[PDB]
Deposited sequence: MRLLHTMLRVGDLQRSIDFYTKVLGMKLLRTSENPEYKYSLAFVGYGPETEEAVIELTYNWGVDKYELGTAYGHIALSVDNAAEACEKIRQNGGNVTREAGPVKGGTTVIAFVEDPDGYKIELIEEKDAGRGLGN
């Protein structure tokens, strides 16, 4: 068995697609639209659905806002360079909440940012 995807509702489909693909480096794996239930989907990831877990972006026709709540935490992604990513994100529809830096009591470099919908994302970095 395996983790297939994490589904998040977004206020603007293309807006989210752009962020995940152009800013985070994922690829648009597939999209679909359902007239009966009035929604469109976009699957984004760093590999094919058959190979990895991805993110399912759900757009409900005419719904541009949701309540984030306090239960949902975040999604964590690995990055080659957290500082660079942070910069790219802050200038491309996102928001940096926790600047790139080692975790207290550790050496692992991390950062926290938000996507265009406010969803939290954790960046974890993989002799200058």
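Student: What stretches of this chain's deposited sequence are missing C-alpha coordinates?
Tutor: Seq positions lacking coordinates: 127 to 133, a single run.
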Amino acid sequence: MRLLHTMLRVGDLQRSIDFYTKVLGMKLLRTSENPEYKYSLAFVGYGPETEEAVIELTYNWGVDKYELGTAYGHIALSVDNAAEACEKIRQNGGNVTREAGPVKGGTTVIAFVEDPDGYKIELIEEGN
From here on, numbers count along this sequence of modelled residues.
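Throughout, rigid core stands for the largest set of C-alpha atoms superposing within 1.5 Å between the two forms.
Student: Figure out for me whether 62 to 70 or 86 to 94 is the more displaced stretch in 4 other deposited structures of this protein, taking RMS C-alpha distance from the shown form once the rigid core is superposed.
Tutor: Between the two stretches, 86 to 94 moves farther in 4 other deposited structures of this protein.
Student: For the C-alpha atoms alone, is the average B factor greater in 79 to 87 or in 32 to 40, going by the entry?
Tutor: Result of the comparison: 79 to 87.
Student: Averaging only over Cα atoms, indicate whether 47 to 55 or 98 to 106 has the higher B-factor in the PDB entry.
Tutor: Averaging CA B-factors over each stretch, the winner is 98 to 106.
Student: With respect to the C-alpha temperature factors reported in the PDB entry, which of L4, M1, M7, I121 ranks highest?
Tutor: Checking the PDB record, the top C-alpha B-factor among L4, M1, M7, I121 is at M1.
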